[PDB]
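Visitor: I need the structure of the sequence given here:
(3 chains)
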Amino acid sequence: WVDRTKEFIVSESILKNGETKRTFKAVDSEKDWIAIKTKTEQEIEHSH
Amino acid sequence: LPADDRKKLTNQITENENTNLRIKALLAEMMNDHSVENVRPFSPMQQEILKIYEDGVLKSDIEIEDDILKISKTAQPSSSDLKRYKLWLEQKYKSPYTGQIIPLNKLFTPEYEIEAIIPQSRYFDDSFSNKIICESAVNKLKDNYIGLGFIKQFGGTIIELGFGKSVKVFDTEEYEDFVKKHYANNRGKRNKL
RNA sequence: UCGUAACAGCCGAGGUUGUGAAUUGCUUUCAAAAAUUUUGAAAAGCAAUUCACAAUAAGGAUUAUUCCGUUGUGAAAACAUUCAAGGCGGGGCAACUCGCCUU
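Guide: Numbering: from 1, shown residues only, chains lettered A, B, ... in the order given. There you are, the coordinates:
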């Protein structure tokens, strides 16, 4: 992890006290493609 | 069967072989103990045990030896779950036709045998719900046709089980309440008597 | 209480093999050179990162914006599929799709 980048998909979950628990899971394409597709579309839209 | 009715049928049959495994393991543990007698392959005594171990569905239960019921193999020799199962499951089962607990050793004795709720000279059911076990005397005195007249006519009769021990037929005054509530398991079979 | 559960249909993104390309690599071969040792050029085999493209069950039709090719029957090397009209109407700028009424 020292001076290195990691790829995660974060599942936000707000608890009773309002704490949005950030849960990190390893990303693996071909199964959870919805998130990566939305990310790519957002990136394309941002560039205009 | 359809698919939905098919997927369940595996469960009952598999539980059946689990029960058979437990029955023969229990008998292999019993032949080391001098209850009365244990031959080995004699199927009728295995059936009698398979009908006498149903005390679990007879109300009172504890969770300690509950995994032992659902398991199939258990531990057989020496200090084992089979031993403690025998200790707890030794007398917690009363006779249907006399309302007396059975030490589970007098089962193989000729004085006690398999009782058919419906006679052979009548409906030809062979399901386990038409099979119980009780004394030989009441089996001899049942005289095919079942209940009503005879069960109310002979109510209160005292019959000797041999060797000076005499037992009384259900007093109908108490036996009506017995056949109403006492056998609270009441799956589908008690009322048909 | 049985039955429904099976059959079909419109699409996506990769991967693999191969062709071409840019850049590097490993091994092998004539020496071109140095004073028995290395530097080497060029080819061959094997790849790597990235791009474009071809094929994606062997193969056979067809020019319809259609396909057949892992199911079943059984020798006949043979088959299974579809089935005219008339409006009423819903949807859709469009192609077209979906229901009702009548022989």
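
Visitor: which residues in chain B form strands?
Guide: Shown for chain B, the strands assigned by DSSP state E span residues B:112-115, B:132-135, B:158-160, B:166-168.

Visitor: what residues does chain B put near RNA strand C?
Guide: Counting by Cβ under 7 Å from any atom of the strand, the positions of chain B adjacent to RNA strand C are B:1, B:2, B:3, B:4, B:5. Backbone N, C-alpha and C define where each C-beta goes, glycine included.

Visitor: just put those in a markdown table and tack on neighbour count.
Guide: A markdown table is the format used below for these (neighbours: other Cβ atoms under 10 Å in any protein chain shown):
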| residue | neighbour count |
| --- | --- |
| B:1 | 8 |
| B:2 | 6 |
| B:3 | 6 |
| B:4 | 7 |
| B:5 | 8 |
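
Visitor: returning to what we had before: just name the most buried of the strands of chain B.
Guide: Ranked by mean neighbour count, the strands of chain B are led by strand B:132-135 with a mean of 21 (mean count of other Cβ atoms under 10 Å in any protein chain shown).

Visitor: export that strand as PDB, just CAs?
Guide: The C-alpha trace of strand B:132-135 is given here as PDB (Å, rounded to 0.1, in the frame of the first residue of the first chain):
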ATOM      1  CA  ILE B 132     -48.000 -48.800  17.400                       C
ATOM      2  CA  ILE B 133     -46.600 -51.200  20.100                       C
ATOM      3  CA  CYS B 134     -48.000 -52.300  23.400                       C
ATOM      4  CA  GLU B 135     -48.500 -55.500  25.500                       C
END
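
Visitor: pairing partners for it, with directions?
Guide: Here strand B:132-135 is paired, per DSSP bridges, with strand B:112-115 (antiparallel).

Visitor: how about the strands in chain A?
Guide: For chain A, the strands defined by DSSP E cover A:8-14, A:20-26.

Visitor: go through those strands and name the closest to residue B:79.
Guide: strand A:20-26 (47.1 Å; Cβ to Cβ).

Visitor: show me the contact partners of that closest one.
Guide: Strand A:20-26 is touched from outside by A:7, A:8, A:9, A:10, A:11, A:12, A:13, A:14, A:15, with contacts defined as Cβ atoms under 8 Å, 6 or more residues apart in numbering or on different chains.

Visitor: can you redo these as JSON lines with neighbour count and distance to residue B:42?
Guide: Listed next are those as JSON lines, based on neighbours: other Cβ atoms under 10 Å in any protein chain shown; distance: Cβ to Cβ, whole Å:
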{"residue": "A:7", "neighbour count": "8", "distance to residue B:42": "68"}
{"residue": "A:8", "neighbour count": "11", "distance to residue B:42": "66"}
{"residue": "A:9", "neighbour count": "14", "distance to residue B:42": "64"}
{"residue": "A:10", "neighbour count": "12", "distance to residue B:42": "67"}
{"residue": "A:11", "neighbour count": "11", "distance to residue B:42": "62"}
{"residue": "A:12", "neighbour count": "8", "distance to residue B:42": "67"}
{"residue": "A:13", "neighbour count": "10", "distance to residue B:42": "62"}
{"residue": "A:14", "neighbour count": "9", "distance to residue B:42": "67"}
{"residue": "A:15", "neighbour count": "8", "distance to residue B:42": "64"}
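
Visitor: okay then, goodbye and thanks.
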